[PDB]
Amino acid sequence: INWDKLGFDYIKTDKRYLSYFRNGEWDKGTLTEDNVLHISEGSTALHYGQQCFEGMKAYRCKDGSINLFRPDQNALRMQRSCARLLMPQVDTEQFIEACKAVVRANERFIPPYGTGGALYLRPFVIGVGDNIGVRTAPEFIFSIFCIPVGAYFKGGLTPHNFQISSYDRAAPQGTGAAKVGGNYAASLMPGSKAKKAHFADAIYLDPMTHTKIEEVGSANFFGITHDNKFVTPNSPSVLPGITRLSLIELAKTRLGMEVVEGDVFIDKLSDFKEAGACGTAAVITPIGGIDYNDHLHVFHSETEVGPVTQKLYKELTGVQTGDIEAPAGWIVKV
Amino acid sequence: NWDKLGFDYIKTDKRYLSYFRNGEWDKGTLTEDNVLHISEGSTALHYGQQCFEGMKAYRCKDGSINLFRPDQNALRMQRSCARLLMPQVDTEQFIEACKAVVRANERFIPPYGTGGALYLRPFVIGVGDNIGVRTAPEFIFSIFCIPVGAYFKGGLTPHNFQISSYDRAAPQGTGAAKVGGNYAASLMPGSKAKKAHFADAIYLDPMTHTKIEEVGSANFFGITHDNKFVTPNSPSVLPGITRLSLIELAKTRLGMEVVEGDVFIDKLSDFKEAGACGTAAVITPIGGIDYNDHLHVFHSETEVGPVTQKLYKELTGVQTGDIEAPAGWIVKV
Ligand SMILES: *Cc1c(COP(=O)(O)O)cnc(C)c1O
Ligand SMILES: *Cc1c(COP(=O)(O)O)cnc(C)c1O
């Protein structure tokens, strides 16, 4: 395995976790080598979108130990996505133990310290069993597979351009705050249209008025104001990201920064001297410019990442890998 | 027992199965395996990349079989597929696959006179190993069928529905495509309405919540006091084939004007009748709509209105062959 040339691509690892919900209960779960799921043709996950997923990383530390980053936060969010779709919830200790068992079973896929790589875990819950007619499924599967991943973009931290979309990933009172498959399906065509126009992704505005930024592709938006405040959107349809939460907490408690969670108007991009997108896969994607009504707004530079973004990226990656001592409760040693 | 038929999954004998790989659909096959074997990384399971259709085949009194407007399903699934970046099934391939499933499962076709039919569920799903939101490298097109009874929502008994504060779809989302995410968004709001003793939720336009868009997973129609057939038109409404059929029959057989336009929630008094239309039940009459904790009653809570009766008579009669069909609507199997 060439650790440096790793991207964010499916690779079949050795074992995955698999657990069935039947007759009101989760089974005890197992680790299996089979990466093919065998599910009814009538699965609600395949007909009525009854599906949700999570994403988290484990990192090799310089001292050789293994950091699994904030899996409790994934557990909490998946409990909320399950509830929104009427699926049984996986309790937090069950969830974290399953994740740890998957990491333990696939340690040979963990990229070594210093490669910038990580082991990505994909838990998901899906409605299965024979069914027709929209309702919650009679059975469910909770599974977790992992893949070795490298830098999402190669070359390191560099600015990327994004394009405002006229389409919506989520409704004003829809499922946008749950990490569920229907939000992504709504993003397929808009994302494709932004990329065909040679942008990194689409940016989604609030679905009621299209006056406020909500999401950058499948990542949260942040702007850095001229007076150095970390600003990020707040609305019922924004996905509450764990990277965003982590950056908010590090900004407040480690970097001496002010945070604003509020309305980010698309007619006021001049408020920000830097901007970026955050999420588990990309960590931080710096935004060079946003194209809106066919004009490119550049915050800082098309060629250089601004210093505040660099400092946030340094802090967050340092905590993830064990080079900077983490806040209480963030790291689970595997 | 055709008498107790509802809308429930039963494993029938054969289903159609076709894979898209390397830019081409295979030639299809009929299989007895009702278990799909798909990658743990399938976009159909992670990114909602899935769509489906629904149509019925009816045993006629003369022994023949009517498949109802499968071309219209073909057209809509093409649009649903395009909206989710899935490969399309051309109309002749789709219709032939539907006919093959009907012929392979004729013993599950309920006899004429029972109200039963054979319901077909085509669907297209993204499959193959993948991570990261994009269109899948492979797809499955499958069609299975089940016997269904038309009175499973009660027949022409009226029901009460409750306006929801939630949205099934965004203004510029996937609401006009028949994809699973729209249903996933409706699961909780529909459950809340049922727990409050309503038949289902009614969804308003998502931008303003002033106009009716959908009744559960069925389209809305109203009959005005001056005998116009009115149904919602918006970029987020699902364009139903039952609704399309009722519009054409209302115009050409019942001599009514059709309005496809806005159904404002504060103008419910414009309608002497209202109903919900869709493939499985055809029409469910709306006795009442609850909004702002007040129940608006259209015609009656216990009896269906006469215009709804004429519409139901005409459409179900066309479906079963008791009434001559408009040109091209019926495919004989
Ligand atoms: C998952 C996701 C994010 C980022 O969430 P993380 O928990 O940081 O990985 C942001 N926006 C959208 C729309 C997402 O789906
Ligand atoms: C499928 C569906 C309908 C009805 O469509 P038919 O083609 O008549 O079966 C109506 N509203 C919604 C939201 C639907 O999903």
Side-chain angles (χ1 to χ4, degrees), chain A residues 47-48 52-57 69-70 73-74 76-78 81 120 134 152 169-170 175-184 186-187 191 201-204 214-222 232-233 237-248 277-285 316, chain B residues 46-47 51-56 68-69 72-73 75-77 80 119 133 168-169 174-183 185-186 190 200-203 213-221 231-232 236-247 276-283 315:
Chain A
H47 291 258
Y48 304 114
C52 72
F53 74 86
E54 276 300 330
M56 72 197 67
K57 282 175 196 179
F69 184 75
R70 302 203 80 182
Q73 289 297 316
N74 297 93
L76 289 160
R77 188 167 62 194
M78 207 178 73
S81 306
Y120 181 83
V134 49
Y152 186 98
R169 52 170 289 274
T175 55
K179 208 162 184 67
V180 301
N183 304 331
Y184 289 94
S187 80
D201 213 327
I203 286 173
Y204 300 94
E214 296 225 331
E215 301 278 5
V216 179
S218 317
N220 291 120
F221 176 87
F222 68 84
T232 191
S237 54
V238 174
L239 196 288
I242 297 162
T243 315
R244 175 188 85 184
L245 179 72
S246 295
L247 292 176
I248 287 167
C278 56
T280 292
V283 189
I284 290 185
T285 302
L316 178 55
Chain B
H46 295 262
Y47 308 119
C51 69
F52 71 87
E53 277 298 329
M55 74 206 65
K56 287 182 192 179
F68 186 73
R69 301 198 79 179
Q72 285 296 323
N73 298 90
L75 293 168
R76 189 173 59 196
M77 203 172 80
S80 300
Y119 176 92
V133 47
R168 56 175 285 282
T174 58
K178 207 169 182 70
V179 302
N182 302 334
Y183 287 94
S186 82
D200 212 330
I202 281 170
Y203 302 99
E213 291 217 337
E214 302 277 349
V215 183
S217 56
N219 289 122
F220 177 89
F221 62 95
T231 190
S236 54
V237 174
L238 198 283
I241 299 163
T242 316
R243 173 188 84 184
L244 186 73
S245 303
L246 292 172
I247 290 170
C277 62
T279 282
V282 192
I283 294 171
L315 181 54

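Convention: sequence-line order gives letters A, B, ...; per-chain numbering from 1. Side chains are part of it too, since the values below use all heavy atoms of this structure and drop only hydrogens, waters and symmetry mates. One-based numbering, in listed order, for ligands and for the atoms of each.
Listed by chain and number, A/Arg77, A/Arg169, A/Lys179, A/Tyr184, A/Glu215, A/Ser218, A/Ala219, A/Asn220, A/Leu239, A/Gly241, A/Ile242, A/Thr243, A/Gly279, A/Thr280 each place a non-hydrogen atom less than 4.0 angstrom from ligand 1.
Between the side chain of B/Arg168 and the backbone N or O of B/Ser217 there is no donor-acceptor pair closer than 3.5 Å. When atom types are taken as modelled, the side chain of A/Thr232 and the backbone of A/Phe221 share a donor-acceptor pair closer than 3.5 angstrom.
Using cut-offs of 30° and 60° for the angle between ring planes, the B/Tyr183 and A/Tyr48 rings count as perpendicular.
Between the side chains of B/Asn182 and B/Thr174, at least one donor N or O lies within less than 3.5 Å of an accepting N or O.
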Next item on the list: Could you go through the side-chain contact (heavy atoms from CB on, under 4.5 Å) check for B/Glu214 and B/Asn219 one step at a time?
Entry: CA-CA 5 Å; B/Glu214 302 277 349; B/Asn219 289 122; 3.4 Å; yes

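At a threshold of 4.0 Å, the pair A/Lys179-A/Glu54 does not count as salt-bridged, since none of the basic side-chain nitrogens sits closer than that to a carboxylate oxygen.
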